[PDB]
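Peer 1: model_33.txt is the file, holding compact mmCIF, C-alpha atoms and all ligand atoms:
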# COMPACT_ATOMS: atom_id res chain seq x y z
CA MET A 1 -28.15 2.98 2.43
CA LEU A 2 -25.03 3.82 0.45
CA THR A 3 -23.42 0.90 -1.36
CA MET A 4 -20.63 0.44 -3.89
CA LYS A 5 -22.89 1.76 -6.65
CA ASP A 6 -22.76 5.17 -5.03
CA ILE A 7 -18.97 5.38 -5.08
CA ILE A 8 -17.58 7.01 -8.16
CA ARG A 9 -14.52 5.52 -9.76
CA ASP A 10 -11.15 6.77 -10.81
CA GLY A 11 -11.56 8.79 -14.04
CA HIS A 12 -14.72 10.46 -12.81
CA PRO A 13 -13.99 14.26 -13.00
CA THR A 14 -15.51 14.99 -9.51
CA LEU A 15 -12.49 13.16 -7.95
CA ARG A 16 -10.11 15.73 -9.41
CA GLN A 17 -12.00 18.90 -8.44
CA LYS A 18 -11.40 21.01 -5.41
CA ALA A 19 -14.29 20.50 -3.05
CA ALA A 20 -16.24 23.48 -1.73
CA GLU A 21 -16.17 24.76 1.80
CA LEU A 22 -19.35 24.13 3.78
CA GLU A 23 -21.38 26.91 5.26
CA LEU A 24 -22.37 26.36 8.87
CA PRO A 25 -24.89 25.39 10.01
CA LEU A 26 -25.17 22.37 7.71
CA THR A 27 -28.46 21.75 5.98
CA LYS A 28 -30.49 18.79 7.03
CA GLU A 29 -29.57 17.17 3.78
CA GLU A 30 -25.81 17.77 4.35
CA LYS A 31 -26.18 16.17 7.85
CA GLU A 32 -27.90 13.18 6.36
CA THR A 33 -25.18 12.79 3.77
CA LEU A 34 -22.44 12.81 6.37
CA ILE A 35 -24.29 10.40 8.62
CA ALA A 36 -24.77 8.09 5.62
CA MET A 37 -21.08 8.24 4.80
CA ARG A 38 -20.23 7.10 8.31
CA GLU A 39 -23.02 4.43 8.11
CA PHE A 40 -21.37 3.11 4.90
CA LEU A 41 -18.18 2.56 6.80
CA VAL A 42 -19.96 0.85 9.68
CA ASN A 43 -21.62 -1.45 7.12
CA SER A 44 -18.47 -2.06 5.20
CA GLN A 45 -16.72 -3.32 8.32
CA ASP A 46 -19.57 -5.64 9.45
CA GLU A 47 -18.78 -8.97 7.85
CA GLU A 48 -22.38 -10.17 7.32
CA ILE A 49 -23.68 -6.78 5.97
CA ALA A 50 -20.66 -6.24 3.74
CA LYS A 51 -21.08 -9.72 2.25
CA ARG A 52 -24.90 -9.25 1.77
CA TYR A 53 -24.45 -5.89 -0.01
CA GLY A 54 -21.18 -6.54 -1.71
CA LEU A 55 -19.17 -3.86 0.19
CA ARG A 56 -15.40 -3.38 0.19
CA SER A 57 -14.19 -2.62 3.78
CA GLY A 58 -13.09 1.00 4.31
CA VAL A 59 -11.93 3.17 7.18
CA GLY A 60 -12.53 6.59 5.57
CA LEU A 61 -14.81 8.23 3.00
CA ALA A 62 -14.77 11.71 1.55
CA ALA A 63 -17.86 13.40 -0.01
CA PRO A 64 -16.32 13.67 -3.51
CA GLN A 65 -16.23 9.90 -3.57
CA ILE A 66 -20.05 9.86 -3.66
CA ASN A 67 -20.06 12.71 -6.20
CA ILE A 68 -20.66 15.48 -3.70
CA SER A 69 -17.95 18.14 -4.18
CA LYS A 70 -18.05 19.42 -0.54
CA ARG A 71 -15.42 19.38 2.20
CA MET A 72 -16.81 16.66 4.50
CA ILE A 73 -15.18 13.38 5.52
CA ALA A 74 -15.95 10.35 7.74
CA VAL A 75 -13.30 8.24 9.37
CA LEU A 76 -13.99 5.02 11.25
CA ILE A 77 -10.97 3.12 12.53
CA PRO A 78 -11.75 0.34 14.95
CA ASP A 79 -9.70 -0.48 18.02
CA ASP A 80 -6.51 -2.27 16.92
CA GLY A 81 -5.92 -3.68 20.45
CA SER A 82 -4.54 -0.40 21.95
CA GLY A 83 -7.96 0.83 23.10
CA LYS A 84 -7.47 3.68 20.49
CA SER A 85 -10.28 3.97 17.99
CA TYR A 86 -11.38 6.87 15.76
CA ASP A 87 -14.96 7.72 14.82
CA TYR A 88 -15.23 11.22 13.38
CA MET A 89 -17.44 13.05 10.93
CA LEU A 90 -15.65 16.25 10.05
CA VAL A 91 -16.71 19.43 8.17
CA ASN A 92 -14.15 21.77 6.61
CA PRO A 93 -11.13 19.80 8.00
CA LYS A 94 -7.76 21.51 7.62
CA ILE A 95 -4.25 20.38 8.55
CA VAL A 96 -2.85 23.35 10.49
CA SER A 97 0.50 21.79 11.46
CA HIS A 98 2.47 18.60 10.90
CA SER A 99 5.73 16.78 11.56
CA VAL A 100 8.67 16.94 9.20
CA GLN A 101 9.11 13.19 9.78
CA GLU A 102 7.24 10.96 7.33
CA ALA A 103 5.24 7.70 7.83
CA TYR A 104 4.06 5.02 5.35
CA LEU A 105 2.01 1.81 5.30
CA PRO A 106 4.45 -0.89 4.14
CA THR A 107 2.03 -2.39 1.55
CA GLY A 108 0.92 1.00 0.18
CA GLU A 109 -2.67 2.16 0.14
CA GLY A 110 -6.02 1.30 -1.43
CA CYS A 111 -9.15 3.30 -2.20
CA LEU A 112 -12.73 2.31 -2.79
CA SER A 113 -12.77 4.50 -5.94
CA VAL A 114 -9.82 2.64 -7.45
CA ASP A 115 -10.83 -0.85 -8.53
CA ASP A 116 -7.31 -2.16 -9.16
CA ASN A 117 -4.44 -2.13 -6.64
CA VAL A 118 -1.50 0.17 -7.31
CA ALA A 119 1.79 -0.79 -5.86
CA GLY A 120 4.09 1.67 -4.06
CA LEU A 121 4.68 3.51 -0.78
CA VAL A 122 2.63 6.59 0.02
CA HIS A 123 4.77 8.79 2.28
CA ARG A 124 2.67 11.14 4.45
CA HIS A 125 3.40 13.10 7.62
CA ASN A 126 3.75 10.95 10.78
CA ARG A 127 2.05 13.56 12.91
CA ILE A 128 -0.63 16.07 12.05
CA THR A 129 -2.92 18.58 13.82
CA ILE A 130 -6.36 19.12 12.24
CA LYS A 131 -8.88 21.87 12.97
CA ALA A 132 -12.42 21.10 11.81
CA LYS A 133 -16.10 21.46 12.66
CA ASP A 134 -18.36 18.62 13.69
CA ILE A 135 -21.85 17.96 12.23
CA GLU A 136 -23.34 20.45 14.65
CA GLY A 137 -20.84 23.17 13.87
CA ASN A 138 -18.86 22.80 17.10
CA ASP A 139 -15.08 23.02 17.01
CA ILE A 140 -12.76 19.93 16.94
CA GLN A 141 -8.99 19.92 17.01
CA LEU A 142 -7.27 16.52 16.56
CA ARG A 143 -3.73 15.49 17.23
CA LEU A 144 -2.93 12.37 15.26
CA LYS A 145 -0.04 10.05 14.75
CA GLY A 146 0.83 7.08 12.62
CA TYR A 147 -2.05 5.03 11.04
CA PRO A 148 -4.86 7.54 11.91
CA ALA A 149 -2.72 10.44 10.66
CA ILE A 150 -2.32 8.52 7.36
CA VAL A 151 -6.02 7.85 7.03
CA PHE A 152 -7.00 11.45 7.66
CA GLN A 153 -4.38 12.74 5.17
CA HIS A 154 -5.77 10.32 2.53
CA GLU A 155 -9.34 11.56 3.13
CA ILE A 156 -8.35 15.26 3.14
CA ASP A 157 -6.36 14.69 -0.10
CA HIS A 158 -9.69 13.70 -1.83
CA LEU A 159 -10.99 17.26 -0.97
CA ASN A 160 -8.15 18.77 -2.99
CA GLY A 161 -8.54 16.43 -5.88
CA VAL A 162 -5.45 14.32 -4.98
CA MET A 163 -5.37 10.54 -5.16
CA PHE A 164 -3.06 8.25 -3.23
CA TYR A 165 -1.15 7.11 -6.27
CA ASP A 166 -0.19 10.66 -7.02
CA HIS A 167 2.33 10.27 -4.21
CA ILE A 168 4.02 7.10 -5.58
CA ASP A 169 7.61 7.42 -6.86
CA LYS A 170 7.43 5.94 -10.40
CA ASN A 171 11.23 5.10 -10.41
CA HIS A 172 11.54 3.57 -6.93
CA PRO A 173 7.96 2.89 -5.80
CA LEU A 174 8.91 0.62 -2.95
CA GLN A 175 11.92 2.53 -1.60
CA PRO A 176 11.25 4.05 1.89
CA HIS A 177 12.37 7.51 2.52
CA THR A 178 15.22 7.84 4.98
CA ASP A 179 13.92 8.16 8.63
CA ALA A 180 10.31 7.57 7.58
CA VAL A 181 8.28 5.59 10.07
CA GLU A 182 6.95 2.22 8.93
CA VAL A 183 3.43 2.03 10.29
MG MG B 201 -9.54 6.91 -1.20
Once more with this new file: its structure as structure tokens, please.
Peer 2:
Amino acid sequence: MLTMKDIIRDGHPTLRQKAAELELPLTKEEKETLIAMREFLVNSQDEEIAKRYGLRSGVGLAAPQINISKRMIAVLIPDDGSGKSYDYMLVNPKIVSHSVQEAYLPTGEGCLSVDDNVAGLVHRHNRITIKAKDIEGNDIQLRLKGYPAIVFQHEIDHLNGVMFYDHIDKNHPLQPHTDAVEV
């Protein structure tokens, strides 16, 4: 079971590296890692488990955050009432196309690797298309908008050594960009 002690914190050099492309097929160990990442998120969102193991609730996790500098991510976004929910373990995800129009969460973002909150909007693309492999090496192509697009951009940023706060405007941190979508 992964817990908070497995998550490296801001300042750890692994968070600023560029993660390596996975060879397919994955090793059994690489499969287990990705499954465990997802299982962390499942745990983090279960109120009784998260309290018992001291977990902060998360909807995404990238391998560099557990000190594994490989291009794998897990995203687990529960149904927000629309019937839309997202449960994906992706290998070698890439954004192949995106909107010009931006989107932001109105309170900013948080990260399990960053112990203290950082104020400011994180403008990302409102719409993205991702091509990736799944854990068995089969092909996935996702079309995402709004909150799930944001989450996946945040996770993919970790693979390139980028943190959310890198996107914050130090002069006008809370000023929305013109025509950006508030999510
Ligand atoms: Mg993060």
Peer 1: Show me which residues are within 7 Å of ligand MG 201 (chain B) counting all atoms listed in the file, and format the list as a PyMOL selection string.
Peer 2: chain A and resi 61+110-113+154-155+158+163-164
Peer 1: Near residue A:19, within 8 Å and counting all atoms listed in the file, which residues show up once chain neighbours fewer than 5 positions away are dropped, as a PDB file with C-alpha atoms, in the frame of the given file?
Peer 2:
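Dumped to part-v6.pdb:
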ATOM      1  CA  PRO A  64     -16.320  13.670  -3.510  1.00  0.00           C
ATOM      2  CA  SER A  69     -17.950  18.140  -4.180  1.00  0.00           C
ATOM      3  CA  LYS A  70     -18.050  19.420  -0.540  1.00  0.00           C
ATOM      4  CA  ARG A  71     -15.420  19.380   2.200  1.00  0.00           C
ATOM      5  CA  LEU A 159     -10.990  17.260  -0.970  1.00  0.00           C
ATOM      6  CA  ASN A 160      -8.150  18.770  -2.990  1.00  0.00           C
ATOM      7  CA  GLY A 161      -8.540  16.430  -5.880  1.00  0.00           C
TER       8      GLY A 161
END
Peer 1: Give me the residues within 10 Å of residue A:183 as a list in words, counting only C-alpha atoms and dropping any in the same chain fewer than 6 places off.
Peer 2: residues 103, 104, 105, 106, 107, 126, 145, 146, 147 and 150 of chain A
Peer 1: Ranking A:144, A:63, A:149, A:130 by minimum distance to residue A:35 and counting all atoms listed in the file, which one comes first?
Peer 2: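 Distance minimum relative to residue A:35 lands on A:63.
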Peer 1: Please determine the residues with any atom at most 9 Å from (-20.2, 3.5, 8.4) (coordinates as given in the file, with all atoms listed in the file counting) and report them as a list in words.
Peer 2: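 All residues meeting the 9 Å criterion around (-20.2, 3.5, 8.4) are residues 35, 36, 37, 38, 39, 40, 41, 42, 43, 44, 45, 58, 59, 60, 61, 74, 75 and 76 of chain A.
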